[PDB]
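Engineer: Please read through the structure below; I'll follow up with questions.
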Ligand SMILES: CC(C)CCC[C@@H](C)[C@H]1CC[C@H]2[C@@H]3CC=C4C[C@@H](O)CC[C@]4(C)[C@H]3CC[C@]12C
């Protein structure tokens, strides 16, 4: 799937 | 670790982001550590916590300092084009520290706004319920509710090995099927982290707005009666008396709409209007003189209430919209890799806005107090 | 600082009368709202009465119809006329006042614009 690699 | 595949690998990977965003995290770090440290030094050491608002403002700066400790980790992380070398244990703490500070800082402003509604509108009736013990128990509940809200950021935040780019990152994995992560995790940050608290913050200061308006408009009505009564005594014709007596009747009705003889004053002003209209000038001045001081007032308090609400709204509303856009991609409402790029690029921008204004909140709220402003300028002098 | 001096306490028989006074000192501007609090032995403090600069009064349900609070805005004093005193009214009565500085931002991390008094004893014997 997608990768939410942001700090929160 | 786990090896995963990224649907849109080129989303959010821009060189101007990898250069500017780490610089912004450095500006937030230096300014945040500087400002929030002085707030703790002035409150806890020069005031010794004597009010309820001081307990909230102290924990508001302590919560911001914990978030700033993890900030250098995200700076070098974004600098190395989203590469995480700090291990799987340091990411679960860092990602939780950001989610914890979001709920904690917003919950503290909610309770601090409720405290202002009670301290300004109900000073005598709400004093015995607003004590130092209540403020401390309120904060420890806020710590638990924020930690409970940041709990998924501790369980599901793992370090993944992206096979598309051979880049080791830490993130949430929005798996297409058979995903152990909750469906609407970003929805909690929307309603619980913004929508519900903002409606309480907006309601609290609106009632302060309406209360101070009824009190200030009442004083202007009495000031209109006294100033016009001096005009009648200094008048020389019936036209000047007719202008002042009409303004007094209008001011008496506004002062009445704030059980007694307000109709007696209005009726006696109407009796004086019957004389000034018939060319009688000396008779109207006698009836006006027969009928009928240093209160603090700040006409700029409405600009302050205006700035407090809009500062909380415009600081978080960029981050909360793209958070909601992240949920639409997670649920499957939108699967385009083009809109996922503009979301992955704008997310570091919105964080540099929300968390920079949030780290200045304990400093701005402190400057409202005249005593806090006194100790703050002594440390710098 | 805004100090509050209290006076008028004393020991009186049941059904008597007293008049508690409290004048505000050390303030440059007029005091906003003043009231009276009492704390019975072994019980929590409670609000008795409060009167604003406009004249609106708010009494408790246990002293309604018996106590009469008033104030003189010229001298910044508040008078609590107690009548038909009962043995339940035996408590220490405290004077409270709210005063804001010039150009008030309505924020205070030092005293919350709230000031108390020393307190005067009021005792009522049943017989
Ligand atoms: C990098 C972080 C974690 C630690 C470094 C900043 C810390 C130590 C903070 C908290 C104590 C702070 C100091 C406390 C007192 C003063 C005196 C004042 O006249 C100028 C600011 C100054 C000098 C502060 C600067 C920032 C400061 C040194």
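Protein chains in written order, with the numbering used here: chain E, 1 to 8; chain F, 1001 to 1381; chain R, 2001 to 2127. No residue lacks a Cβ here, since even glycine has one placed at the ideal position from N, Cα and C.
Rounding to the nearest angstrom, what Cα-Cα distance links residue 1185 of chain F and residue 1152 of chain F in this structure?
Structural biologist: Each residue's Cα considered, the two are about 8 Å apart.
Engineer: If we cut at 8 Å on Cβ distances, does residue 1175 of chain F have a partner in chain B?
Structural biologist: Of the protein chains in this structure, namely E, F and R, none is chain B.
Engineer: Using a Cβ-Cβ cut-off of 8 Å (strictly less than) and excluding sequence neighbours within five positions of residue 1076 of chain F, which residues of its own chain qualify?
Structural biologist: Excluding positions up to five away in sequence, the list reads 1022.
Engineer: Spell out a yes or no on whether the region 1056-1072 of chain F and the region 2009-2023 of chain R are touching, meaning 3 or more CB-CB pairs, one atom from each, closer than 8 Å.
Structural biologist: The region 1056-1072 of chain F vs the region 2009-2023 of chain R: no contact.
Engineer: What does residue 1397 of chain F reach in chain E if we use C-beta pairs closer than 7 Å?
Structural biologist: Lying before the first or after the last residue shown, residue 1397 of chain F is absent from chain F, which here runs from 1001 to 1381.
Engineer: So residue 1053 of chain F packs on residue 1040 of chain F, CB below 8 Å; how close in whole Å?
Structural biologist: So it is not a contact: roughly 15 Å between Cβ atoms.
Engineer: Does the beta carbon of residue 1369 of chain F come closer than 8 Å to any beta carbon on chain R?
Structural biologist: Output row for residue 1369 of chain F: interface = yes.
Engineer: Taking DSSP as the reference, what is the three-state secondary structure of residue 2048 of chain R?
Structural biologist: The answer is strand: DSSP assigns residue 2048 of chain R an E or B state.
Engineer: Which same chain residues end up closer than 7 Å to residue 1092 of chain F when comparing Cβ atoms and leaving out the 5 residues on each side of it in sequence?
Structural biologist: Closer than 7 Å at the Cβ level, and outside the excluded window around residue 1092 of chain F, lie 1154, 1157.
Engineer: Anything in the region 1184-1202 of chain F with a Cβ closer than 9 Å to a Cβ of chain R? List those residues in chain order, please.
Structural biologist: Residues passing the 9 Å Cβ filter: none.
Engineer: Given 8 Å as the limit, is there contact between the region 1336-1344 of chain F and the region 1224-1244 of chain F, that is, 3 or more CB pairs closer than that?
Structural biologist: Touching, no, given that fewer than three Cβ pairs across the two stretches are closer than 8 Å.
Engineer: Which full runs of the alpha helix (DSSP H) of 4+ residues lie inside the region 1126-1169 of chain F, going along the chain?
Structural biologist: Counting whole runs of 4 or more residues, the region 1126-1169 of chain F contains the alpha helix (DSSP H) stretches 1132-1149, 1152-1155.
Engineer: Would you call the region 2066-2083 of chain R in contact with the region 2104-2113 of chain R, where contact means no fewer than 3 C-beta pairs closer than 8 Å?
Structural biologist: With the cut-off at 8 Å, the region 2066-2083 of chain R and the region 2104-2113 of chain R do not touch.
Engineer: According to DSSP, what are the bridge partners of residue 1326 of chain F?
Structural biologist: According to DSSP, which records beta bridges pairwise, residue 1326 of chain F is partnered with nothing at all.
Engineer: Less than 7 Å between C-beta atoms, sequence neighbours within five positions excluded: which residues of the same chain meet that for residue 2124 of chain R?
Structural biologist: Taken in chain order, the residues that qualify are 2012, 2014, 2085, 2086, 2087, 2089, 2090.
Engineer: Counting pairs of Cβ atoms below 8 Å between the region 1192-1209 of chain F and the region 1301-1311 of chain F, do you hit three or more?
Structural biologist: With the cut-off at 8 Å, the region 1192-1209 of chain F and the region 1301-1311 of chain F touch.
Engineer: Which word fits residue 2041 of chain R, buried or exposed, when buried means at least 16 other C-beta atoms lie within 10 angstroms of its C-beta?
Structural biologist: Classification of residue 2041 of chain R: exposed, given that the 10 Å Cβ count is below 16.
Engineer: Over the uninterrupted alpha helix (DSSP H) stretch that includes residue 2093 of chain R, give me the two end residues.
Structural biologist: Looking at the DSSP string, residue 2093 of chain R is not in any alpha helix (DSSP H); the run it does join, the beta strand (DSSP E), is 2091-2098.
Engineer: State yes or no: is the C-beta of residue 1034 of chain F nearer than 7 Å to some heavy atom of ligand 1?
Structural biologist: Yes - ligand 1 has a heavy atom lying nearer than 7 Å to the Cβ of residue 1034 of chain F.
Engineer: Kindly list the residues whose CB is nearer than 8 Å to the CB of residue 1165 of chain F, restricted to its own chain and excluding five residues on each side of it in sequence; keep chain order.
Structural biologist: Here the set comprises 1006, 1009.
Engineer: For a contact defined as C-beta to C-beta under 9 Å, what are the partners of residue 2101 of chain R on chain F?
Structural biologist: Correct list: 1296, 1370.
Engineer: Between F:1358, F:1310, F:1298, which lies nearest to residue 2107 of chain R when the distance is taken from Cα to Cα?
Structural biologist: Answer by Cα proximity: F:1298.
Engineer: Could you spell out the range, first to last residue, of the beta strand (DSSP E) harbouring residue 2121 of chain R?
Structural biologist: Residues 2120-2125.
Engineer: Between residue 1160 of chain F and residue 1329 of chain F, which are expected to be in contact by the criterion C-beta below 8 Å, what is the C-beta distance as a whole number of angstroms?
Structural biologist: With a Cβ gap of about 17 Å, residue 1160 of chain F and residue 1329 of chain F do not count as contacting.
Engineer: Can you find a CB in chain E that lies within less than 8 Å of the CB of residue 1347 of chain F?
Structural biologist: True, the Cβ-Cβ gap to chain E drops below 8 Å.
Engineer: Could you check the C-alpha separation between residue 1120 of chain F and residue 2101 of chain R for me, to the nearest Å?
Structural biologist: If you take the alpha carbons of residue 1120 of chain F and residue 2101 of chain R, they lie about 14 Å apart.
Engineer: Flag this pair as yes or no: are the beta carbons of residue 1285 of chain F and residue 1233 of chain F separated by less than 8 Å?
Structural biologist: Yes; because the gap between Cβ atoms is below 8 Å, this pair is in contact.
Engineer: Could you tell me which residues DSSP pairs with residue 2058 of chain R in its beta bridges?
Structural biologist: DSSP lists R:2050 as partners of residue 2058 of chain R.
Engineer: Alpha carbon to alpha carbon, what distance is there between residue 1252 of chain F and residue 2099 of chain R?
Structural biologist: Spanning the two alpha carbons is a distance of roughly 27 Å.
Engineer: Taking the beta strand (DSSP E) that residue 2017 of chain R belongs to, which residues open and close that run?
Structural biologist: Counting along the chain, the beta strand (DSSP E) containing residue 2017 of chain R begins and ends at 2017-2025.
Engineer: For residue 1026 of chain F, verify whether its CB is less than 7 Å away from any heavy atom of ligand 1.
Structural biologist: Answer for residue 1026 of chain F: no, Cβ out of range of ligand 1.
Engineer: To be precise: take each residue of the region 1008-1034 of chain F, compare its Cβ to all Cβ atoms of chain E, and keep it if any distance is under 9 Å. Which residues remain?
Structural biologist: The residues in question are 1008, 1009, 1011, 1012.
Engineer: Below 8 Å between beta carbons is the criterion; list the residues of the region 1106-1131 of chain F that meet it against any residue of chain R, in chain order.
Structural biologist: Hits within the stretch, in order: 1116, 1119, 1120, 1123, 1124, 1125, 1127, 1128.
Engineer: From the DSSP secondary-structure annotation, give me the bridge partner or partners of residue 2070 of chain R.
Structural biologist: Answer is R:2079, bridged to residue 2070 of chain R.
Engineer: Distance check for residue 1289 of chain F and residue 1247 of chain F, CA to CA, integer angstroms please.
Structural biologist: Approximately 16 Å between the Cα atoms of the pair.
Engineer: Taking DSSP as the reference, what is the three-state secondary structure of residue 1360 of chain F?
Structural biologist: Note: residue 1360 of chain F maps to coil in three-state DSSP.
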